[PDB]
């Protein structure tokens, strides 16, 4: 089924750059559209999957750690808890999906950051 993951503060969607499938590609915000690189499926294993086999993936547990796509493998850094307030928390890190520098424009990067009430850490949809 899928579903976009749209940033509240930016009104832009969680987007895989160029619809790349390459391990390590950092996530960005982009104007929402119908493509597969903006479709995210939540799984029972706690994942946010794109293209079927790729996972939203935290490269570390520290502030400013890159959020990237990576081949799904079962790691806890590929597990996320989408809260009731729209925060997306990394299970391994206890840090939140965060649009870097409170950025809102196309191309602003996504990272892990200390959970706050910033609108750059709030996301809607499935």
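Positions refer to the first chain, counted from 1.
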| property | result |
| --- | --- |
| Given 2 to 10 and 116 to 124, the range whose Cα B-factors average higher in the PDB entry | 2 to 10 |
| Between 34 to 42 and 65 to 73 (mean CA B-factor, as deposited), the higher | 34 to 42 |
| Third of chain Cα B-factors occupied by residue 96 | middle |
| Chain-wide C-alpha B factor ranking for residue 88, given as lowest, middle or highest third | middle |
| Third of chain Cα B-factors occupied by residue 102 | highest |
